[PDB]
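Asks: My complex, part one, positions kept as in the full thing:
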Amino acid sequence: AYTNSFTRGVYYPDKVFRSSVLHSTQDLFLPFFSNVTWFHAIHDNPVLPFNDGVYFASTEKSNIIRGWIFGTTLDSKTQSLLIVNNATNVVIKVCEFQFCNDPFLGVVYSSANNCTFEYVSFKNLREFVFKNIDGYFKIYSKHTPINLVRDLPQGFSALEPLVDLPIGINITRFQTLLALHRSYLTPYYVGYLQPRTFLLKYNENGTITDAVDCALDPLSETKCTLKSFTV
Amino acid sequence: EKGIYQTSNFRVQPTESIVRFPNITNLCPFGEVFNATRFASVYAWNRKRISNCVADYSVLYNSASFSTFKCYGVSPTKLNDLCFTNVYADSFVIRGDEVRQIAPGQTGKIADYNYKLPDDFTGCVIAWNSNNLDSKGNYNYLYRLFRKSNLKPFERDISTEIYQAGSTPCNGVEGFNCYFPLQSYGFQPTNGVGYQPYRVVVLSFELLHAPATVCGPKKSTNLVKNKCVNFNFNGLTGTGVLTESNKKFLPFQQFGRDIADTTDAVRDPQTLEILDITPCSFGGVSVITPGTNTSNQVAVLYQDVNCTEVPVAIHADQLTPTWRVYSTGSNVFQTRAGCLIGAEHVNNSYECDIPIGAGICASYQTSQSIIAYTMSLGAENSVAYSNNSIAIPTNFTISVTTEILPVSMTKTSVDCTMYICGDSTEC
Amino acid sequence: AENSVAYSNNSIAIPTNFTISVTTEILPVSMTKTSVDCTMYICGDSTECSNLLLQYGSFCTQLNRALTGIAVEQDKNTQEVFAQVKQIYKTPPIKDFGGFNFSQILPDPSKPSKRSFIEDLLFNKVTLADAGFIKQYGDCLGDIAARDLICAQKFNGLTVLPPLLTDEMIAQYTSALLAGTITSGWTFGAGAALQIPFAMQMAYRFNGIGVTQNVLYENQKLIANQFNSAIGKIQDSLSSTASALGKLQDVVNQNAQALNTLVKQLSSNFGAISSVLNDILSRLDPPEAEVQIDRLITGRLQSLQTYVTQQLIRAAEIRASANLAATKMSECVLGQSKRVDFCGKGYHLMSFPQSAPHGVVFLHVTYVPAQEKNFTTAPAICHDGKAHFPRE
């Protein structure tokens, strides 16, 4: 289960406007031409780690995927997260439960005891970057439409963030939850970030037009040390 | 002497001040974290995320209930002009001598074993004595002693598993090389300074952030719309001319910049309006003159500036009335180098006397004024060419001309030690 | 290619035909004049730093004096190449030059400018697209749809001054040199212009390289056709997608590469807490701020000094090629040169100048010998006890 992702995983790392420049920056991106795992959970939704950060992207049809959980102790021993939707507006609950060994949502098992805070706010794709730094948790997103059914396109897309979360807690692993029709109580793609070095292009009105990965091949190292696109 | 000179800026102006800030009303918990009773211990220090304040700082450090106010990244004076976007107040109570062990880059038993600041730190350290509060022999204050490694900064540890310093797995037994990690403070009222309990608070923030919230008692003013100011926008300041903008920002782009990493476009924190900034010095002023041995007339060239925008760009109304003479008049001429003011443009052509640029020269002509023309390349001529006609000379001239060439120059020599520090043996 | 010459003690080879060859030589003459405001670059609109900068002495009147010397010298470079004669000769209205066709180098009476066809092909080979700062200043002067746009104070004190002689006066000089050379020969560079028919002048230019003058009058139509074909090949080679003016493009590339660095060096902090002056001004008290401001002052002074030193060394080698182009105008165009390979390759006949951006282009017309034949030769001839030697 491995797939090539060409130019996906790009975002706006800062809140500063730049018109018609070629700026370079050193941040946590997904490397170009990488390996993403192909997941289709038809006959599991298992636990996957959180090493630096997680790229998430899915090609959905009628809103099957609801949300995720982030944490590692999973029995209200230490903190954990939960982001779900009630099909109208998004819900953000950082609260401790005991998590099932087959956890999803039913068209359903939560029992909190002690927590900190809470917050509420083939057609198109839902790309998502999850980055956890000291003092925050940022939720970047790219919401683009494509005609291809299963795989990532060759295009370049990078659009504006959504929300930052002042949590200051630790995450080691994570897991995602689905929307099943039945409410049981029984006992999409992923990709990890890496500290690369990127040269980006801003056109007029401050839109990221194309990027260069300065570690992929010697020709891009040449493009990076010349601070240019043409060689 | 006769020529065209480039003058550095010397004209002075009066300058006002503009302040802009969001709509924020409420106060925030500074009235309880400073006079509380239950302060936390050293190994388990408290942490309080602070937001949405107009909280003053002069109410804190001017009140003399503190003994030490060491403040690292910011000067202690201008802590009430800036926004901080998060504040982390921390609380713990230590011995009197270990207040030095809170500083960035220290040692001992606190900075390596209990609580460690980072070296790149921008906050403010507060400490004062509590001899009449936590001294009965009070044994409720504990501190961690041993760890296998050193403390990474801004992290905590709470665990009771005893030390190991040999190779015996001491399973909760206090023999040799295996000891308990936590011991009590001896706080008797019969000790000197350096042993009484002290209430030590530390703050922490980072600046130059976009959606910054925590900022105190600075009154908003209104805009003055294209005059030189000292603006202040959520903490960031600068001197320039505030102009109206057109840049297509995003739902959150708080400010913009150029190649040189300097800000040029800012967002109004009240009206959500974009303001484009532009400096106001205008050094690019050149003075055409003949010799001062001849006259005292001048002309002024304004470099790459349209003629109708001269009095707006040099800020003409705030100058001397002699400098306003050279800003508009009958003598106004538009060249491709800029706007030339003070010279009477004619329709003739001569050879160049003082070069101005892009084909225009200037000379002092006899009623004596300064004129400006387009320079002539030479006399016009036409050779009577035919396909069977020739011209032969019949006489000649012997002419002697002159040519001067430099060959050598002056042979200097410099004593290094006498120039840098003459006859001083300390240097 | 390897080769070998059939040498022997009594054999000679002599050409039987020739070729008229036209070739091209490109020389840089001047470069961009710049000007830097010291106080606006080091600390713009800040009186806390401007009083700290005065403690460093006169380190800015010196930089402005050096840059003004460079910018003044760049106009003397153009004046010593193009302003050789001070009589503007007009081209004759009726053109009968014995079959020679100077249409693509004489000025064009359709357009409002004075450029020819080859000068128009030359003005589009040099571009300003990859240049960073110079293109960004060049878009000020075309930004006509914006009131209140004073952009001398938008680029951190850096400006660009315009040349004294515009692009029309330079073409008006080269047209005068062409119209003097065609209708007068070499006589206008040594006194007053004396007319002479063009075939009678090409005959003496053949006679100057050692060919007698009946050869021109017996092969005049062939020589005229060879000249016109050699001009058409130059126009074809320039009109294509070749990168012909490399020597004039490297000057603009080297000048923009060094001005982008001076702006990119305004974001280094040099050891201070921040590379922005207003953050140090609004986060510290003036007891403890004039260490960080002194660090920034020292770094930005070093950057300006490095820029000015490399500009002086770079202008000292544009002065040399301007002196070379001013020597080639006097000896190749206003005369006929006997120095080998100074004007072209072959035996020199005549030259014509064309103006390019920040430079000049010479079209050297030379004489190349063609297909030869072996013979037998002897030093002298004995007739009656006397040796007879050839005259010429």
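Replies: Thanks, I have the structure now. Numbers count the residues shown, from 1 in each chain, chains lettered A, B, ... in the order given.
Asks: Measure how buried residue C:301 is and give me the count.
Replies: Counted with other Cβ atoms under 10 Å in any protein chain shown, residues neighbouring residue C:301 total 18. Where C-beta positions appear, they are placed from N, C-alpha and C, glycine not excepted.
Asks: give me every residue that touches it.
Replies: The contact partners of residue C:301, taken as Cβ atoms under 8 Å, 6 or more residues apart in numbering or on different chains, are C:42, C:56, C:59.
Asks: what helix or strand is it on?
Replies: If you go by DSSP states H and E, residue C:301 is part of helix C:292-315.
Asks: so does the helix or strand that that helix is followed by get close to chain B?
Replies: The helix or strand immediately downstream of helix C:292-315 is helix C:318-328, counting by DSSP H and E. No. Figure legend: helix C:318-328 not in contact with chain B (Cβ under 8 Å from any Cβ of the partner chain); closest approach 13.0 Å.
Asks: mind listing the strands for the stretch 1-150 of chain B?
Replies: Applying DSSP state E, counting those that start in this stretch to the stretch 1-150 of chain B gives strands spanning B:3-7, B:48-50, B:68-71, B:87-94, B:123-129, B:142-144.
Asks: put chain D on too:
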Amino acid sequence: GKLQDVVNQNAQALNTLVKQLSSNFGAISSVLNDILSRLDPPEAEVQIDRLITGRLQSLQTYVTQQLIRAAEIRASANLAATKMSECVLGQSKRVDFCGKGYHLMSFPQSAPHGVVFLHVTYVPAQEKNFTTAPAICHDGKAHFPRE
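Replies: Take a look at chain D, now in place beside the chains above:
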């Protein structure tokens, strides 16, 4: 003018080098004795090290500009040496090298820090129109002039 500008620049540089000694570059004073008399050598070593770098930079700027000026003077000494061999010791055919006209002879005259050449040239005047022909046919044959 060209021999005067050399003297003017080479005096202006040595005047700027002297006036650079009155700056303090961030120290408390510019006179070294006044720093040494009011401070003990714990904290005089920071003021003196602030002055030493600021004076080394002035010296280096002076020497770097003098090298470029000497490289410019060498290039005109090499031109005067060529004009002395080709204009004075001979008769040159290079156009406008030894004066405007046709060259006859030249004479040198020494000047302060330089040299002055007086070029004697031939200039034609008082023209007259004529009518010309390339050749002349006599007996079916063409006749061309010798010179």
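Asks: Could you re-examine the neighbour count of residue C:301 with chain D now present?
Replies: For residue C:301, using other Cβ under 10 Å, the count is 19.
Asks: Please tell me how far it sits from residue C:61.
Replies: 13 Å (Cβ to Cβ, to the nearest Å).
Asks: before we move on, back to that, could you check the angle the helix holding residue C:301 makes with helix D:44-83?
Replies: 10 degrees (axes from the mean of the first three to the mean of the last three Cα atoms, to 10 degrees).
Asks: Any idea how far apart the tips of stretch B:23-36 sit?
Replies: Its first and final residues considered, stretch B:23-36 spans 30 Å by Cα to Cα, to the nearest Å.
Asks: does chain A sit close to it?
Replies: No. Using Cβ under 8 Å from any Cβ, stretch B:23-36 never reaches chain A; the gap is at least 14.8 Å.
Asks: what comes up buried for that stretch?
Replies: B:30, B:34 (16 or more other Cβ atoms under 10 Å in any protein chain shown).
Asks: Check stretch B:81-99 too.
Replies: Result for stretch B:81-99 [16+ other Cβ under 10 Å]: buried residues B:81-96, B:98-99.
Asks: now swap in stretch B:106-120 and tell me
Replies: B:109-111, B:113-117.
Asks: if we take the residues you listed, which one ends up nearest to residue B:16?
Replies: residue B:117 (40.4 Å; Cβ to Cβ).
Asks: Chain E next, sequence below:
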Amino acid sequence: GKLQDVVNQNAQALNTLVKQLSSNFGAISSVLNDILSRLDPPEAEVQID
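Replies: One more piece, chain E, placed on the ones above:
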């Protein structure tokens, strides 16, 4: 002699650049490893600069 002068100038200009590495310029040592093994990373940034 003219061909030997160029070699004699280039070799001297390369020797001076190497010999300038044994100066401290106002620090405590001309060796980076001594400053990095004797002092702390808060303090060594003023003797390395």
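Asks: please look at the buried residues of stretch B:81-99 again, because chain E has been put in.
Replies: B:81-96, B:98-99.
Asks: In contact with residue 64, which residues?
Replies: In the absence of a named chain, chain A is used. Counting by Cβ under 8 Å, 6+ apart, residue A:64 has contacts A:178-179.
Asks: try chain C instead
Replies: B:6, C:35-36, C:38.
Asks: Apply 7 Å and report the result again.
Replies: residue C:38 (Cβ atoms under 7 Å, 6 or more residues apart in numbering or on different chains).
Asks: Around chain D, pick out the residues from chain C.
Replies: C:55-58, C:62, C:189-192, C:194, C:199-200, C:213-214, C:217, C:294, C:309, C:312-313, C:316, C:330-331, C:334-335, C:338 (Cβ under 7 Å from any Cβ of the partner chain).
Asks: Can you select the buried ones among these for me in ChimeraX?
Replies: With 16+ other Cβ under 10 Å as the criterion, this ChimeraX line picks the buried residues out of those:
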select /C:55,56,57,62,189,190,191,192,194,199,200,213,217,294,312,330,331,334,335
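Asks: Tell me, how many residues neighbour the residue nearest to residue C:39 when sequence neighbours are not counted?
Replies: Among residues not flanking residue C:39 along the chain, residue C:50 sits closest, at 6.0 Å (Cβ to Cβ, 6 or more residues apart in numbering or on different chains). For residue C:50, the count of nearby residues is 14 (other Cβ under 10 Å).
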